[PDB]
Amino acid sequence: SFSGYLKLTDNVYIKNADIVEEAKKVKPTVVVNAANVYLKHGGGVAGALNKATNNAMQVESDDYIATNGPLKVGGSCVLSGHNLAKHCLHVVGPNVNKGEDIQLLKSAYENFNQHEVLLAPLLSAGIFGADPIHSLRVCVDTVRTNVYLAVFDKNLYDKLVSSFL
């Protein structure tokens with residue numbers, strides 16, 4: 001199972017780790033992708049997860065978009081986890097670098113409640129522009145299922161743990 005995580009609450013755990021390396025190691029039931037509405041996995045966590053699947057995630061995602069259309073900001077879809085997990089829960093957090101409503105971050109985290117256990121990044125953090133400290137607070141106040149957060153940056157991981165209320 002998940003190893004080396006710091007317990008933040010009854011159900012939220014955190015580790016300084018590369019979510020791709022974490023997914024290949026654990027092969028969890030669910031890995032969360034920091035997706036955009038178009039499922040265009042170009043950069044950040046999405047680009048890294050997609051590159052690990054040798055682009056199979058993008059091929060599957062384009063077929064999903066052709067059939068269903070784009071996701072909503074705050075929404076999600078369950079697709080294959082490929083070589084990383086059983087499933088990938090593609091969750092769209094608001095991208096503040098596109099003027100998207102930061103209040104949608106709670107709706108985005110509510111998608112995690114449909115899965116008993118997940119390996120996940122902090123939603124809307126990184127290239128999505130939101131404050132990662134705010135994202136972690138929304139995560140612990142919204143997610144009731146068991147969430148194992150992988151934070152790539154060591155310096156951000158330390159700031160998140162040392163400032164956690």
# chains A, B, ... in the order shown; residues from 1 in each chain; ligands from 1
call {"tool": "residues_around", "arguments": {"residues": "residue 79 (chain A)", "least_positions_apart": "3", "cutoff": "12 Å", "atoms": "only C-alpha atoms", "output": "list in words"}}
result
residues 29, 30, 31, 32, 33, 35, 39, 56, 57, 58, 59, 60, 61, 62, 63, 64, 65, 76, 82, 84, 85, 86, 87, 88, 89, 90 and 91 of chain A
call {"tool": "write_last_selection", "arguments": {"atoms": "N, CA, C and O atoms", "output": "compact mmCIF listing (two decimals), in the first residue's frame"}}
result
# COMPACT_ATOMS: atom_id res chain seq x y z
N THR A 29 -5.83 2.05 -7.07
CA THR A 29 -7.10 1.86 -7.79
C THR A 29 -7.39 3.13 -8.62
O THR A 29 -7.82 3.04 -9.76
N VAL A 30 -7.13 4.31 -8.03
CA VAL A 30 -7.39 5.58 -8.68
C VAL A 30 -6.23 6.54 -8.57
O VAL A 30 -5.80 6.86 -7.47
N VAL A 31 -5.76 7.05 -9.70
CA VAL A 31 -4.84 8.17 -9.71
C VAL A 31 -5.62 9.38 -10.26
O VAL A 31 -6.35 9.25 -11.24
N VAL A 32 -5.53 10.53 -9.60
CA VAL A 32 -6.19 11.74 -10.04
C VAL A 32 -5.29 12.52 -10.98
O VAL A 32 -4.13 12.75 -10.67
N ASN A 33 -5.86 12.95 -12.11
CA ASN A 33 -5.14 13.82 -13.01
C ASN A 33 -5.66 15.25 -12.85
O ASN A 33 -6.87 15.49 -12.70
N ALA A 35 -6.61 17.70 -14.71
CA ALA A 35 -7.06 17.85 -16.08
C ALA A 35 -7.60 19.24 -16.42
O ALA A 35 -7.95 20.02 -15.54
N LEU A 39 -9.31 17.76 -21.79
CA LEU A 39 -8.46 16.61 -21.57
C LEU A 39 -7.21 16.68 -22.47
O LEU A 39 -6.82 15.66 -23.03
N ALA A 56 -1.00 7.03 -24.49
CA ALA A 56 -2.26 6.26 -24.51
C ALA A 56 -3.35 7.02 -23.76
O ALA A 56 -4.50 6.97 -24.18
N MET A 57 -3.00 7.76 -22.70
CA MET A 57 -3.99 8.56 -22.00
C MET A 57 -4.60 9.65 -22.93
O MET A 57 -5.82 9.83 -22.97
N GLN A 58 -3.76 10.31 -23.74
CA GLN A 58 -4.25 11.35 -24.65
C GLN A 58 -5.13 10.75 -25.76
O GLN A 58 -6.17 11.33 -26.10
N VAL A 59 -4.75 9.58 -26.27
CA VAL A 59 -5.53 8.93 -27.33
C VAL A 59 -6.93 8.57 -26.80
O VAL A 59 -7.96 8.93 -27.39
N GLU A 60 -6.95 7.99 -25.59
CA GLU A 60 -8.21 7.63 -24.97
C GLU A 60 -9.05 8.88 -24.67
O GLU A 60 -10.28 8.87 -24.84
N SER A 61 -8.40 9.95 -24.19
CA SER A 61 -9.04 11.21 -23.86
C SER A 61 -9.66 11.90 -25.07
O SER A 61 -10.75 12.42 -24.97
N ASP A 62 -8.97 11.89 -26.22
CA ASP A 62 -9.50 12.51 -27.43
C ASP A 62 -10.75 11.77 -27.90
O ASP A 62 -11.68 12.42 -28.34
N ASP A 63 -10.77 10.43 -27.78
CA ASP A 63 -11.95 9.64 -28.13
C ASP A 63 -13.08 10.02 -27.14
O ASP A 63 -14.23 10.15 -27.56
N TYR A 64 -12.76 10.16 -25.84
CA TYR A 64 -13.79 10.54 -24.87
C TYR A 64 -14.40 11.92 -25.22
O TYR A 64 -15.62 12.09 -25.17
N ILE A 65 -13.56 12.91 -25.57
CA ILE A 65 -14.03 14.24 -25.91
C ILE A 65 -14.84 14.21 -27.21
O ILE A 65 -15.87 14.88 -27.30
N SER A 76 -15.49 16.05 -13.52
CA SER A 76 -14.56 14.95 -13.66
C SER A 76 -15.09 13.85 -14.57
O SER A 76 -16.30 13.78 -14.84
N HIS A 82 -4.35 3.12 -17.31
CA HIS A 82 -3.26 2.66 -18.17
C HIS A 82 -2.22 1.87 -17.32
O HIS A 82 -2.63 0.98 -16.57
N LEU A 84 -0.46 3.20 -14.90
CA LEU A 84 -0.27 3.95 -13.67
C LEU A 84 -1.20 3.55 -12.55
O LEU A 84 -0.85 3.67 -11.38
N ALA A 85 -2.42 3.16 -12.89
CA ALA A 85 -3.47 2.86 -11.90
C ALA A 85 -4.58 2.03 -12.57
O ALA A 85 -4.55 1.86 -13.80
N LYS A 86 -5.58 1.52 -11.81
CA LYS A 86 -6.72 0.83 -12.42
C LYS A 86 -7.50 1.90 -13.25
O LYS A 86 -7.72 1.73 -14.46
N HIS A 87 -7.78 3.05 -12.61
CA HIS A 87 -8.50 4.16 -13.20
C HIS A 87 -7.77 5.46 -13.02
O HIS A 87 -7.01 5.64 -12.06
N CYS A 88 -8.06 6.40 -13.90
CA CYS A 88 -7.62 7.75 -13.75
C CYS A 88 -8.85 8.61 -13.63
O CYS A 88 -9.72 8.57 -14.50
N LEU A 89 -8.96 9.35 -12.51
CA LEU A 89 -10.05 10.29 -12.33
C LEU A 89 -9.54 11.64 -12.80
O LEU A 89 -8.66 12.25 -12.15
N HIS A 90 -9.99 12.08 -13.98
CA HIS A 90 -9.57 13.36 -14.53
C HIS A 90 -10.42 14.43 -13.91
O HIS A 90 -11.62 14.48 -14.17
N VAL A 91 -9.83 15.24 -13.02
CA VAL A 91 -10.57 16.28 -12.34
C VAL A 91 -10.14 17.64 -12.82
O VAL A 91 -8.95 17.91 -12.85
call {"tool": "select_by_dssp", "arguments": {"residues": "region 8-160 of chain A", "states": "strand (DSSP E or B)", "output": "ChimeraX atom specification"}}
result
/A:12-16,30-34,76-80,87-91,117-120,146-151
call {"tool": "residues_around", "arguments": {"residues": "residue 141 (chain A)", "least_positions_apart": "3", "cutoff": "12 Å", "atoms": "only C-alpha atoms", "output": "tab-separated table (two decimals) with C-alpha atoms, in the first residue's frame"}}
result
chain	number	residue	atom	x	y	z
A	8	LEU	CA	-2.62	15.38	8.16
A	9	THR	CA	-6.16	14.39	9.22
A	10	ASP	CA	-8.32	11.17	9.72
A	11	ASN	CA	-8.39	10.76	5.90
A	12	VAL	CA	-5.80	13.09	4.30
A	105	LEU	CA	-12.07	24.25	-6.27
A	106	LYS	CA	-14.48	22.83	-3.64
A	107	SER	CA	-16.70	21.36	-6.43
A	109	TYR	CA	-12.53	18.16	-4.75
A	110	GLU	CA	-16.08	16.79	-4.26
A	113	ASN	CA	-15.72	11.55	-2.58
A	134	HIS	CA	-5.48	27.14	-0.06
A	135	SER	CA	-5.86	23.95	-2.19
A	136	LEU	CA	-4.74	21.71	0.71
A	137	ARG	CA	-7.21	23.45	3.08
A	138	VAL	CA	-10.07	22.94	0.57
A	144	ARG	CA	-14.05	12.60	3.22
A	145	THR	CA	-12.52	9.58	1.45
A	165	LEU	CA	-3.48	24.08	10.72
call {"tool": "atom_distance", "arguments": {"atom1": "CA of residue 94 (chain A)", "atom2": "CA of residue 21 (chain A)"}}
result
25.3 Å
call {"tool": "closest_residue", "arguments": {"among": "A:44, A:13, A:25, A:162", "to": "residue 128 (chain A)", "atoms": "only C-alpha atoms"}}
result
A:44
call {"tool": "residues_around", "arguments": {"residues": "residue 151 (chain A)", "least_positions_apart": "2", "cutoff": "7 Å", "atoms": "only C-alpha atoms", "output": "ChimeraX atom specification"}}
result
/A:15-18,121,149,153,157
call {"tool": "write_last_selection", "arguments": {"atoms": "N, CA and C atoms", "output": "CSV table (one decimal), in the first residue's frame"}}
result
chain,number,residue,atom,x,y,z
A,15,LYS,N,2.8,13.5,0.9
A,15,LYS,CA,4.2,13.0,0.7
A,15,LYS,C,4.9,13.8,-0.3
A,16,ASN,N,6.2,14.1,-0.2
A,16,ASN,CA,7.0,14.8,-1.2
A,16,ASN,C,7.3,13.7,-2.2
A,17,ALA,N,6.6,13.6,-3.3
A,17,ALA,CA,6.8,12.6,-4.3
A,17,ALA,C,6.4,13.0,-5.7
A,18,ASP,N,6.9,12.4,-6.7
A,18,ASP,CA,6.6,12.6,-8.1
A,18,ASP,C,5.4,11.6,-8.2
A,121,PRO,N,-2.9,14.8,-6.9
A,121,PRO,CA,-2.1,16.0,-6.7
A,121,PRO,C,-3.0,17.1,-6.0
A,149,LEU,N,-1.9,12.6,-1.0
A,149,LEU,CA,-1.5,13.7,-1.8
A,149,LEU,C,0.0,13.6,-2.1
A,153,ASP,N,7.3,19.3,-5.5
A,153,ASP,CA,8.3,20.2,-5.0
A,153,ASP,C,8.5,20.1,-3.5
A,157,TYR,N,6.2,21.2,-0.3
A,157,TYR,CA,5.8,20.2,0.6
A,157,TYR,C,6.1,20.6,2.1
call {"tool": "atom_distance", "arguments": {"atom1": "CA of residue 73 (chain A)", "atom2": "CA of residue 93 (chain A)"}}
result
6.1 Å
call {"tool": "closest_residue", "arguments": {"among": "A:155, A:146, A:80, A:124", "to": "residue 97 (chain A)", "atoms": "only C-alpha atoms"}}
result
A:124
call {"tool": "atom_distance", "arguments": {"atom1": "CA of residue 22 (chain A)", "atom2": "CA of residue 150 (chain A)"}}
result
7.7 Å
call {"tool": "select_by_dssp", "arguments": {"residues": "chain A", "states": "alpha helix (DSSP H)", "output": "JSON, numbers by chain"}}
result
{"A": [19, 20, 21, 22, 23, 24, 25, 26, 44, 45, 46, 47, 48, 49, 50, 51, 52, 56, 57, 58, 59, 60, 61, 62, 63, 64, 65, 66, 67, 68, 104, 105, 106, 107, 108, 109, 110, 132, 133, 134, 135, 136, 137, 138, 139, 140, 141, 142, 154, 155, 156, 157, 158, 159, 160, 161, 162, 163]}
call {"tool": "closest_residue", "arguments": {"among": "A:163, A:67, A:143, A:55", "to": "residue 42 (chain A)", "atoms": "only C-alpha atoms"}}
result
A:55
call {"tool": "closest_residue", "arguments": {"among": "A:130, A:147, A:45, A:37", "to": "residue 7 (chain A)", "atoms": "only C-alpha atoms"}}
result
A:147
